[PDB]
file work_20.cif (mmCIF, C-alpha atoms)
data_upload
loop_
_atom_site.label_atom_id
_atom_site.label_comp_id
_atom_site.auth_asym_id
_atom_site.auth_seq_id
_atom_site.Cartn_x
_atom_site.Cartn_y
_atom_site.Cartn_z
CA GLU A 1 -12.63 9.14 1.09
CA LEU A 2 -10.83 7.39 4.07
CA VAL A 3 -8.75 9.87 6.11
CA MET A 4 -6.17 8.69 8.63
CA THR A 5 -5.83 11.48 11.20
CA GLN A 6 -2.36 11.06 12.73
CA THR A 7 -1.03 12.70 15.96
CA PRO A 8 1.46 14.03 17.06
CA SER A 9 3.27 15.76 14.16
CA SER A 10 6.66 15.11 15.87
CA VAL A 11 8.16 13.73 19.13
CA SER A 12 11.55 14.26 20.87
CA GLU A 13 12.21 11.45 23.38
CA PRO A 14 15.38 10.29 25.28
CA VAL A 15 16.68 6.64 25.05
CA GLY A 16 14.48 4.08 26.88
CA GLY A 17 11.41 6.34 27.02
CA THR A 18 7.97 5.20 25.82
CA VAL A 19 6.77 6.55 22.43
CA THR A 20 3.02 6.63 21.58
CA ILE A 21 1.90 7.27 17.93
CA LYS A 22 -1.92 7.45 17.24
CA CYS A 23 -4.11 7.13 14.08
CA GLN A 24 -7.82 7.92 13.86
CA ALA A 25 -9.69 6.45 10.93
CA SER A 26 -12.50 8.46 9.28
CA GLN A 27 -14.33 5.14 8.60
CA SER A 28 -14.49 1.62 10.17
CA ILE A 29 -11.37 -0.06 8.67
CA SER A 30 -11.06 -2.81 11.37
CA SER A 31 -7.92 -4.99 10.96
CA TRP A 32 -6.98 -2.94 7.84
CA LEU A 33 -4.25 -0.94 9.60
CA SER A 34 -0.45 -1.28 9.01
CA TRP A 35 2.55 0.68 10.47
CA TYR A 36 5.72 1.66 8.54
CA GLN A 37 9.13 3.04 9.59
CA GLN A 38 10.96 5.27 7.12
CA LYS A 39 14.58 6.45 7.14
CA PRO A 40 16.01 9.51 5.26
CA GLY A 41 16.50 8.66 1.58
CA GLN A 42 15.11 5.14 2.15
CA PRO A 43 11.77 3.47 1.17
CA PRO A 44 9.43 2.70 4.15
CA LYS A 45 9.89 -0.63 5.90
CA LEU A 46 6.86 -2.60 7.18
CA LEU A 47 6.68 -2.84 11.05
CA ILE A 48 3.13 -3.89 12.20
CA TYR A 49 0.29 -5.57 10.20
CA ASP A 50 -3.46 -6.27 10.67
CA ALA A 51 -3.41 -3.67 13.56
CA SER A 52 -1.48 -5.80 16.13
CA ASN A 53 0.85 -8.24 14.26
CA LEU A 54 4.70 -7.80 14.25
CA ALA A 55 6.52 -8.14 10.84
CA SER A 56 9.36 -10.73 10.43
CA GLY A 57 12.68 -9.49 11.92
CA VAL A 58 11.19 -6.44 13.74
CA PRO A 59 12.15 -6.12 17.46
CA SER A 60 9.63 -6.66 20.30
CA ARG A 61 9.83 -2.99 21.46
CA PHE A 62 7.28 -2.12 18.64
CA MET A 63 3.61 -2.84 19.70
CA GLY A 64 0.43 -2.40 17.63
CA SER A 65 -2.98 -1.66 19.23
CA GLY A 66 -6.47 -1.03 17.82
CA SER A 67 -9.83 -0.22 19.45
CA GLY A 68 -12.43 -0.03 16.68
CA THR A 69 -11.53 3.34 15.06
CA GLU A 70 -8.50 4.57 17.17
CA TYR A 71 -5.09 2.90 16.48
CA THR A 72 -1.75 2.96 18.40
CA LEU A 73 1.96 2.23 17.77
CA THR A 74 4.13 2.05 20.92
CA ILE A 75 7.94 1.91 20.75
CA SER A 76 8.70 0.87 24.39
CA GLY A 77 12.47 0.75 25.04
CA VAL A 78 13.45 3.32 22.30
CA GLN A 79 16.96 3.21 20.83
CA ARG A 80 19.07 5.56 18.64
CA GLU A 81 18.30 3.37 15.55
CA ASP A 82 14.55 4.16 15.97
CA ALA A 83 15.16 7.86 15.03
CA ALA A 84 12.99 7.78 11.85
CA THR A 85 9.58 8.81 10.46
CA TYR A 86 6.48 6.62 11.10
CA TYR A 87 3.15 6.40 9.15
CA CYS A 88 -0.06 4.36 9.36
CA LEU A 89 -1.79 2.94 6.29
CA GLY A 90 -5.51 2.30 6.66
CA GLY A 91 -8.10 0.78 4.29
CA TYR A 92 -8.01 -1.28 1.08
CA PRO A 93 -7.54 -0.34 -2.64
CA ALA A 94 -10.80 -2.12 -3.65
CA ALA A 95 -12.75 -0.65 -0.59
CA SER A 96 -15.34 2.13 -1.09
CA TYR A 97 -13.28 4.61 0.98
CA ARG A 98 -9.99 3.32 -0.63
CA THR A 99 -6.66 3.09 1.29
CA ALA A 100 -5.06 6.24 2.84
CA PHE A 101 -1.85 7.13 4.75
CA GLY A 102 -1.80 9.04 8.02
CA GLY A 103 0.07 12.34 8.13
CA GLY A 104 3.16 10.72 9.70
CA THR A 105 5.15 11.30 12.93
CA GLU A 106 8.85 12.30 12.94
CA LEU A 107 10.68 10.73 15.94
CA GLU A 108 14.07 12.01 17.17
CA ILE A 109 16.19 10.39 19.96
CA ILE A 110 18.37 11.99 22.74
CA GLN A 111 13.52 -13.43 -3.48
CA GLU A 112 10.93 -10.63 -4.21
CA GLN A 113 12.39 -7.43 -5.84
CA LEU A 114 10.68 -4.16 -6.93
CA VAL A 115 12.54 -1.57 -9.11
CA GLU A 116 11.04 1.67 -10.44
CA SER A 117 12.78 3.54 -13.29
CA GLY A 118 11.83 6.53 -15.45
CA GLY A 119 12.05 9.39 -12.96
CA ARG A 120 13.31 12.45 -14.88
CA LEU A 121 12.96 16.17 -15.32
CA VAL A 122 9.73 16.57 -17.45
CA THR A 123 8.58 19.98 -18.45
CA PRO A 124 5.10 21.04 -17.07
CA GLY A 125 2.57 19.52 -19.53
CA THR A 126 4.84 16.67 -20.91
CA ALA A 127 3.35 13.15 -20.36
CA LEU A 128 5.59 10.94 -18.10
CA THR A 129 5.83 7.15 -17.68
CA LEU A 130 7.28 5.54 -14.54
CA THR A 131 7.82 1.79 -14.80
CA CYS A 132 8.04 -0.72 -11.94
CA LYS A 133 9.89 -3.95 -12.86
CA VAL A 134 8.63 -6.97 -10.93
CA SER A 135 10.87 -10.00 -10.17
CA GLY A 136 10.95 -13.05 -7.87
CA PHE A 137 7.28 -12.98 -6.85
CA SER A 138 6.24 -16.61 -6.08
CA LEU A 139 2.81 -14.92 -6.57
CA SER A 140 1.04 -14.77 -9.96
CA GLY A 141 -1.51 -12.01 -9.13
CA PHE A 142 -1.24 -9.45 -6.28
CA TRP A 143 -1.76 -5.71 -5.54
CA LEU A 144 1.05 -3.45 -6.98
CA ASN A 145 0.67 0.03 -5.42
CA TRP A 146 2.08 3.41 -6.40
CA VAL A 147 3.05 5.63 -3.45
CA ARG A 148 4.47 9.15 -4.03
CA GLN A 149 6.40 11.52 -1.73
CA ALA A 150 7.00 15.24 -2.43
CA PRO A 151 10.34 16.55 -0.98
CA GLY A 152 10.03 16.99 2.80
CA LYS A 153 6.36 15.85 2.70
CA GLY A 154 4.43 12.71 3.71
CA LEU A 155 3.67 9.50 1.77
CA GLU A 156 0.55 9.59 -0.48
CA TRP A 157 -1.23 6.65 -2.12
CA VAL A 158 -1.55 7.22 -5.90
CA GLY A 159 -3.35 3.95 -6.69
CA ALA A 160 -3.03 0.18 -7.19
CA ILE A 161 -3.58 -2.64 -9.70
CA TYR A 162 -4.45 -6.27 -9.05
CA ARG A 163 -1.63 -7.71 -11.19
CA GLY A 164 -3.82 -10.42 -12.67
CA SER A 165 -6.88 -8.49 -14.00
CA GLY A 166 -7.31 -4.83 -14.98
CA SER A 167 -8.59 -3.76 -11.56
CA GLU A 168 -7.23 -0.21 -11.36
CA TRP A 169 -8.12 1.80 -8.27
CA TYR A 170 -6.98 5.41 -7.55
CA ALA A 171 -7.23 8.16 -4.91
CA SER A 172 -9.74 11.10 -5.33
CA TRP A 173 -7.04 13.53 -6.50
CA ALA A 174 -5.33 10.85 -8.68
CA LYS A 175 -8.31 9.82 -10.88
CA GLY A 176 -8.10 11.26 -14.40
CA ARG A 177 -4.51 12.46 -13.85
CA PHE A 178 -2.80 9.01 -13.40
CA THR A 179 -2.97 5.68 -15.30
CA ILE A 180 -1.65 2.33 -13.91
CA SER A 181 -1.11 -0.46 -16.45
CA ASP A 182 -0.03 -4.12 -16.32
CA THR A 183 2.61 -6.16 -18.29
CA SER A 184 4.70 -9.43 -18.13
CA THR A 185 7.47 -8.49 -15.61
CA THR A 186 6.35 -4.88 -15.30
CA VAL A 187 3.72 -2.36 -14.08
CA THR A 188 3.73 1.27 -15.39
CA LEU A 189 2.43 4.61 -13.98
CA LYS A 190 1.58 7.30 -16.48
CA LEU A 191 1.33 11.01 -15.58
CA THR A 192 -0.92 12.30 -18.39
CA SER A 193 -0.55 16.11 -17.84
CA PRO A 194 1.82 16.72 -14.84
CA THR A 195 2.06 20.02 -12.98
CA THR A 196 4.93 21.19 -10.68
CA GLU A 197 2.77 19.87 -7.74
CA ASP A 198 3.65 16.34 -9.06
CA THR A 199 7.42 16.68 -8.21
CA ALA A 200 7.98 13.73 -5.78
CA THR A 201 9.72 10.38 -5.37
CA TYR A 202 7.50 7.66 -6.74
CA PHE A 203 7.57 4.22 -5.10
CA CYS A 204 5.97 0.94 -6.11
CA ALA A 205 4.91 -1.33 -3.19
CA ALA A 206 3.58 -4.92 -3.20
CA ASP A 207 0.85 -6.45 -1.04
CA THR A 208 2.05 -10.10 -1.13
CA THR A 209 -0.83 -11.39 1.11
CA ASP A 210 -3.91 -9.56 -0.36
CA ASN A 211 -4.72 -8.34 3.18
CA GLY A 212 -4.16 -4.69 2.21
CA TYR A 213 -0.58 -3.96 3.47
CA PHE A 214 2.81 -3.38 1.77
CA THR A 215 5.53 -5.92 2.46
CA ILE A 216 8.04 -5.20 -0.42
CA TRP A 217 8.98 -1.60 -1.66
CA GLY A 218 11.12 -0.28 -4.46
CA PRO A 219 14.15 2.08 -4.08
CA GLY A 220 12.02 4.94 -5.48
CA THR A 221 12.37 7.20 -8.55
CA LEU A 222 12.78 10.96 -8.40
CA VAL A 223 10.34 12.88 -10.65
CA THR A 224 10.88 16.64 -11.18
CA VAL A 225 8.40 18.86 -13.04
CA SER A 226 10.22 22.18 -13.65
CA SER A 227 10.88 24.43 -16.65
CA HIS A 228 14.53 25.02 -17.72
CA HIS A 229 16.29 28.31 -16.79
CA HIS A 230 19.36 29.95 -18.50
CA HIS A 231 22.75 29.19 -16.93
CA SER B 1 -22.32 9.47 -6.53
CA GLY B 2 -22.25 7.89 -10.04
CA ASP B 3 -18.66 6.72 -9.28
CA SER B 4 -19.69 4.55 -6.22
CA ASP B 5 -21.90 2.43 -8.51
CA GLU B 6 -19.08 1.82 -11.03
CA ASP B 7 -16.70 1.25 -8.05
CA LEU B 8 -18.95 -1.54 -6.69
CA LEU B 9 -19.21 -3.13 -10.16
CA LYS B 10 -15.38 -2.88 -10.52
CA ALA B 11 -15.10 -4.36 -7.01
CA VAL B 12 -17.32 -7.34 -7.94
CA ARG B 13 -15.41 -8.04 -11.14
CA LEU B 14 -12.28 -8.27 -8.96
CA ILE B 15 -13.91 -10.66 -6.48
CA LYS B 16 -15.15 -12.69 -9.57
CA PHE B 17 -11.60 -12.63 -11.03
CA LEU B 18 -10.17 -13.79 -7.63
CA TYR B 19 -12.41 -16.87 -7.53
CA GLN B 20 -11.87 -17.60 -11.29
CA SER B 21 -8.10 -17.39 -10.68
CA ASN B 22 -8.28 -20.14 -7.97
CA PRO B 23 -9.60 -23.08 -10.06
CA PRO B 24 -10.27 -26.61 -8.67
CA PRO B 25 -6.99 -28.61 -8.69
CA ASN B 26 -5.91 -31.31 -11.17
CA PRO B 27 -5.50 -34.81 -9.62
CA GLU B 28 -1.73 -35.71 -9.68
CA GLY B 29 0.64 -37.05 -6.99
CA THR B 30 -1.34 -40.09 -5.65
CA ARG B 31 -3.35 -38.87 -2.57
CA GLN B 32 -0.23 -37.03 -1.20
CA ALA B 33 0.08 -34.07 -3.63
CA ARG B 34 -3.66 -34.60 -4.41
CA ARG B 35 -4.41 -33.95 -0.67
CA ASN B 36 -1.88 -31.08 -0.64
CA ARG B 37 -3.47 -29.35 -3.69
CA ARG B 38 -6.90 -29.98 -2.02
CA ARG B 39 -5.75 -28.43 1.34
CA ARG B 40 -4.01 -25.46 -0.49
CA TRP B 41 -7.19 -24.65 -2.53
CA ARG B 42 -9.54 -24.76 0.54
CA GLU B 43 -7.21 -22.35 2.44
CA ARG B 44 -7.22 -19.90 -0.49
CA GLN B 45 -11.04 -20.12 -0.90
CA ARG B 46 -11.46 -19.17 2.80
CA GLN B 47 -9.25 -16.10 2.14
CA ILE B 48 -11.15 -15.18 -1.06
CA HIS B 49 -14.41 -15.43 0.94
CA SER B 50 -13.17 -13.20 3.78
CA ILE B 51 -11.66 -10.61 1.44
CA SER B 52 -14.93 -10.47 -0.58
CA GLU B 53 -17.01 -10.12 2.60
CA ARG B 54 -14.81 -7.26 3.83
CA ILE B 55 -14.60 -5.48 0.44
CA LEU B 56 -18.40 -5.83 -0.06
CA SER B 57 -19.41 -4.60 3.43
CA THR B 58 -17.75 -1.21 2.67
CA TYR B 59 -20.43 -0.88 -0.08
CA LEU B 60 -23.42 -1.76 2.29
CA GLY B 61 -22.08 -0.62 5.73
#
call {"tool": "encode", "arguments": {"input": "work_20.cif", "output": "structure tokens"}}
result
Amino acid sequence: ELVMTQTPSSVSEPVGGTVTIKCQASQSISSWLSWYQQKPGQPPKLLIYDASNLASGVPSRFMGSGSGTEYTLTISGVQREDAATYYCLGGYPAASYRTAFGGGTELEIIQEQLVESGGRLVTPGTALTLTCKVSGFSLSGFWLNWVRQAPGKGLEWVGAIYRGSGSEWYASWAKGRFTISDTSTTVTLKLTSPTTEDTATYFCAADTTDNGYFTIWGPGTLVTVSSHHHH
Amino acid sequence: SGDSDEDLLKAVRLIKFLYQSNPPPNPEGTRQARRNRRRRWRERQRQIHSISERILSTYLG
């Protein structure tokens, strides 16, 4: 239901130049807006939280703004190490409009552990089970999210589980198709009847504060849905 | 629109779980750890209240 409209698609900027990434929420999300930096073949890293707050270790050059419905990430004194892909995450799993990622912006320049396993080549139809092993969480109950990413495409929120209860929440497209389940040191994701349109890297992310943002991510697991061909 | 009703009920069960999963603390540690467990609990209850309020207002906004 919630739609994060992100602009621009991409931005080429020389070293030192100001970079301005914008997100427009479809609904009033308020403080429920977080920014993530993602590097090629790497899980996203949290940058900004609760619209304006800077994550631990992140440099000062990254600023978060928010005026009601419009949101803004500014990278001020850009460096070569900032050449990555940025996304906004707005909403909450338990919210009516759910939580949704912005399209993402590609920028070019001139303790707690999560591990997902089970990513394989399934044949179209074949049920699949991806399992996220959870370790070192000083937390009993928390949100454990499933985020997927099709090759060369943006991050999508599959759904989440509040690790204590059985509070499963999914995206519009995900409901029926996917099934998140809880265990001792694990959380699974079941693809009941996957199509080729389900080929993606699946990530499991943890919201360690309950404020609706992802602090810890897994390496990711590559899922391929393709029929075999002769050699 | 039948989903939004079940969603709100699911949402309330979660809020209910949250509160039920933050139970009043057991007195141990002679006013030091007893005051710490008291302070800890109050902090968490404030959070549970503000998350509930925010979750809930998406269903009446």
call {"tool": "residues_around", "arguments": {"input": "work_20.cif", "residues": "region 211-222 of chain A", "least_positions_apart": "4", "cutoff": "8 Å", "atoms": "only C-alpha atoms", "output": "ChimeraX atom specification"}}
result
/A:32-34,42-46,49-50,89,91-93,112-120,199-207 /B:51
call {"tool": "closest_residue", "arguments": {"input": "work_20.cif", "among": "B:21, B:49, B:61, B:55", "to": "chain A", "atoms": "all atoms listed in the file"}}
result
B:55
call {"tool": "residues_around", "arguments": {"input": "work_20.cif", "residues": "residue 162 (chain A)", "least_positions_apart": "5", "cutoff": "12 Å", "atoms": "all atoms listed in the file", "output": "VMD selection string"}}
result
(chain A and resid 92 to 94 139 to 146 167 to 169 180 to 183 187 206 to 210 212) or (chain B and resid 10 to 11 13 to 15 17 to 18 21)
call {"tool": "closest_residue", "arguments": {"input": "work_20.cif", "among": "A:53, A:12, A:69, A:135", "to": "residue 28 (chain A)", "atoms": "all atoms listed in the file"}}
result
A:69
call {"tool": "closest_residue", "arguments": {"input": "work_20.cif", "among": "A:65, A:38, A:224, A:123", "to": "residue 81 (chain A)", "atoms": "only C-alpha atoms"}}
result
A:38
call {"tool": "closest_residue", "arguments": {"input": "work_20.cif", "among": "A:178, A:170, A:157, A:97", "to": "chain B", "atoms": "all atoms listed in the file"}}
result
A:97
call {"tool": "closest_residue", "arguments": {"input": "work_20.cif", "among": "B:53, B:7, B:28, B:43", "to": "chain A", "atoms": "only C-alpha atoms"}}
result
B:7
call {"tool": "atom_distance", "arguments": {"input": "work_20.cif", "atom1": "CA of residue 39 (chain A)", "atom2": "CA of residue 84 (chain A)"}}
result
5.1 Å
call {"tool": "residues_around", "arguments": {"input": "work_20.cif", "residues": "residue 171 (chain A)", "least_positions_apart": "6", "cutoff": "9 Å", "atoms": "all atoms listed in the file", "output": "VMD selection string"}}
result
chain A and resid 1 93 98 to 100 157 to 159
call {"tool": "resolve_selection", "arguments": {"input": "work_20.cif", "expression": "the PyMOL selection byres ((chain B and resi 45) around 12)", "output": "list in words"}}
result
residues 15, 18, 19, 20, 21, 22, 23, 24, 38, 39, 40, 41, 42, 43, 44, 46, 47, 48, 49, 50, 51 and 52 of chain B
call {"tool": "write_last_selection", "arguments": {"input": "work_20.cif", "atoms": "C-alpha atoms", "output": "PDB file, keeping the file's coordinate frame"}}
result
ATOM      1  CA  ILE B  15     -13.910 -10.660  -6.480  1.00  0.00           C
ATOM      2  CA  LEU B  18     -10.170 -13.790  -7.630  1.00  0.00           C
ATOM      3  CA  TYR B  19     -12.410 -16.870  -7.530  1.00  0.00           C
ATOM      4  CA  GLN B  20     -11.870 -17.600 -11.290  1.00  0.00           C
ATOM      5  CA  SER B  21      -8.100 -17.390 -10.680  1.00  0.00           C
ATOM      6  CA  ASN B  22      -8.280 -20.140  -7.970  1.00  0.00           C
ATOM      7  CA  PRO B  23      -9.600 -23.080 -10.060  1.00  0.00           C
ATOM      8  CA  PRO B  24     -10.270 -26.610  -8.670  1.00  0.00           C
ATOM      9  CA  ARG B  38      -6.900 -29.980  -2.020  1.00  0.00           C
ATOM     10  CA  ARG B  39      -5.750 -28.430   1.340  1.00  0.00           C
ATOM     11  CA  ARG B  40      -4.010 -25.460  -0.490  1.00  0.00           C
ATOM     12  CA  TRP B  41      -7.190 -24.650  -2.530  1.00  0.00           C
ATOM     13  CA  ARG B  42      -9.540 -24.760   0.540  1.00  0.00           C
ATOM     14  CA  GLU B  43      -7.210 -22.350   2.440  1.00  0.00           C
ATOM     15  CA  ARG B  44      -7.220 -19.900  -0.490  1.00  0.00           C
ATOM     16  CA  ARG B  46     -11.460 -19.170   2.800  1.00  0.00           C
ATOM     17  CA  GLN B  47      -9.250 -16.100   2.140  1.00  0.00           C
ATOM     18  CA  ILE B  48     -11.150 -15.180  -1.060  1.00  0.00           C
ATOM     19  CA  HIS B  49     -14.410 -15.430   0.940  1.00  0.00           C
ATOM     20  CA  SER B  50     -13.170 -13.200   3.780  1.00  0.00           C
ATOM     21  CA  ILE B  51     -11.660 -10.610   1.440  1.00  0.00           C
ATOM     22  CA  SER B  52     -14.930 -10.470  -0.580  1.00  0.00           C
TER      23      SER B  52
END
call {"tool": "atom_distance", "arguments": {"input": "work_20.cif", "atom1": "CA of residue 105 (chain A)", "atom2": "CA of residue 58 (chain B)"}}
result
28.0 Å
call {"tool": "closest_residue", "arguments": {"input": "work_20.cif", "among": "B:31, B:36, B:1, B:8", "to": "chain A", "atoms": "only C-alpha atoms"}}
result
B:8
call {"tool": "decode", "arguments": {"input": "work_20.cif", "residues": "region 62-146 of chain A", "atoms": "C-alpha atoms", "output": "mmCIF file, in the first residue's frame"}}
result
data_model
loop_
_atom_site.group_PDB
_atom_site.id
_atom_site.type_symbol
_atom_site.label_atom_id
_atom_site.label_comp_id
_atom_site.auth_asym_id
_atom_site.auth_seq_id
_atom_site.Cartn_x
_atom_site.Cartn_y
_atom_site.Cartn_z
ATOM 1 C CA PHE A 62 25.679 12.075 5.124
ATOM 2 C CA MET A 63 22.635 14.220 6.261
ATOM 3 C CA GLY A 64 19.003 13.127 6.651
ATOM 4 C CA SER A 65 16.065 15.559 6.237
ATOM 5 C CA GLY A 66 12.271 15.161 6.399
ATOM 6 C CA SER A 67 9.368 17.605 5.897
ATOM 7 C CA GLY A 68 6.145 15.702 6.556
ATOM 8 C CA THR A 69 5.901 13.567 3.366
ATOM 9 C CA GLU A 70 9.080 14.578 1.363
ATOM 10 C CA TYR A 71 12.439 13.099 2.547
ATOM 11 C CA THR A 72 16.091 13.955 1.662
ATOM 12 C CA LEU A 73 19.568 12.356 1.875
ATOM 13 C CA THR A 74 22.492 14.742 1.215
ATOM 14 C CA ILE A 75 26.073 13.492 0.765
ATOM 15 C CA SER A 76 27.957 16.844 1.111
ATOM 16 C CA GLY A 77 31.710 16.382 0.526
ATOM 17 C CA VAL A 78 31.401 13.238 -1.723
ATOM 18 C CA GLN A 79 34.351 10.829 -1.958
ATOM 19 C CA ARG A 80 35.291 7.899 -4.265
ATOM 20 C CA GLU A 81 34.175 5.398 -1.535
ATOM 21 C CA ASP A 82 30.591 6.804 -1.766
ATOM 22 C CA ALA A 83 30.187 5.365 -5.332
ATOM 23 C CA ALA A 84 27.314 2.973 -4.427
ATOM 24 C CA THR A 85 23.520 2.534 -4.672
ATOM 25 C CA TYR A 86 21.196 4.261 -2.125
ATOM 26 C CA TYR A 87 17.582 3.388 -1.090
ATOM 27 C CA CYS A 88 15.009 4.719 1.387
ATOM 28 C CA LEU A 89 12.837 2.438 3.521
ATOM 29 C CA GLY A 90 9.546 3.926 4.680
ATOM 30 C CA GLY A 91 6.773 2.579 6.939
ATOM 31 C CA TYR A 92 6.410 -0.297 9.418
ATOM 32 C CA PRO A 93 5.681 -4.077 8.994
ATOM 33 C CA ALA A 94 2.685 -3.914 11.405
ATOM 34 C CA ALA A 95 1.373 -0.584 9.823
ATOM 35 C CA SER A 96 -1.757 -0.587 7.603
ATOM 36 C CA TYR A 97 0.253 0.535 4.541
ATOM 37 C CA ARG A 98 3.179 -1.816 5.510
ATOM 38 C CA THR A 99 6.884 -0.928 4.912
ATOM 39 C CA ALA A 100 8.187 -0.235 1.347
ATOM 40 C CA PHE A 101 11.545 0.567 -0.328
ATOM 41 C CA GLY A 102 12.091 3.481 -2.691
ATOM 42 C CA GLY A 103 13.230 2.713 -6.233
ATOM 43 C CA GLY A 104 16.883 3.473 -5.379
ATOM 44 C CA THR A 105 19.509 5.915 -6.757
ATOM 45 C CA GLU A 106 22.803 4.757 -8.334
ATOM 46 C CA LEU A 107 25.637 7.234 -7.543
ATOM 47 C CA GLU A 108 28.917 7.301 -9.529
ATOM 48 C CA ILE A 109 31.970 9.503 -8.709
ATOM 49 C CA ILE A 110 34.457 11.361 -11.044
ATOM 50 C CA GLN A 111 27.910 -9.658 18.496
ATOM 51 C CA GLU A 112 24.717 -9.878 16.293
ATOM 52 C CA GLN A 113 25.030 -12.172 13.182
ATOM 53 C CA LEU A 114 22.489 -13.045 10.439
ATOM 54 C CA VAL A 115 23.153 -15.920 7.945
ATOM 55 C CA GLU A 116 20.743 -17.074 5.220
ATOM 56 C CA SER A 117 21.257 -20.473 3.551
ATOM 57 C CA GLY A 118 19.198 -22.563 1.111
ATOM 58 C CA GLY A 119 19.507 -20.542 -2.090
ATOM 59 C CA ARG A 120 19.576 -23.036 -4.981
ATOM 60 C CA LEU A 121 18.397 -23.721 -8.492
ATOM 61 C CA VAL A 122 14.708 -24.863 -8.035
ATOM 62 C CA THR A 123 12.688 -25.821 -11.022
ATOM 63 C CA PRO A 124 9.559 -23.604 -11.712
ATOM 64 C CA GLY A 125 6.819 -25.059 -9.447
ATOM 65 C CA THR A 126 9.152 -26.744 -6.828
ATOM 66 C CA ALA A 127 8.590 -25.438 -3.235
ATOM 67 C CA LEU A 128 11.740 -23.717 -1.780
ATOM 68 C CA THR A 129 12.820 -23.002 1.815
ATOM 69 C CA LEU A 130 15.339 -20.275 2.674
ATOM 70 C CA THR A 131 16.518 -20.308 6.283
ATOM 71 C CA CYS A 132 17.981 -17.394 8.265
ATOM 72 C CA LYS A 133 20.120 -18.479 11.254
ATOM 73 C CA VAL A 134 20.037 -15.979 14.114
ATOM 74 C CA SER A 135 22.956 -15.600 16.595
ATOM 75 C CA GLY A 136 24.238 -13.128 19.204
ATOM 76 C CA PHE A 137 21.035 -11.108 19.579
ATOM 77 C CA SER A 138 20.973 -9.707 23.170
ATOM 78 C CA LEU A 139 17.267 -9.350 22.144
ATOM 79 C CA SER A 140 14.669 -12.078 22.789
ATOM 80 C CA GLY A 141 11.943 -10.831 20.390
ATOM 81 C CA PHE A 142 12.454 -8.446 17.414
ATOM 82 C CA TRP A 143 11.419 -7.968 13.741
ATOM 83 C CA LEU A 144 13.238 -10.380 11.300
ATOM 84 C CA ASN A 145 12.619 -9.130 7.733
ATOM 85 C CA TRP A 146 13.018 -10.809 4.358
#
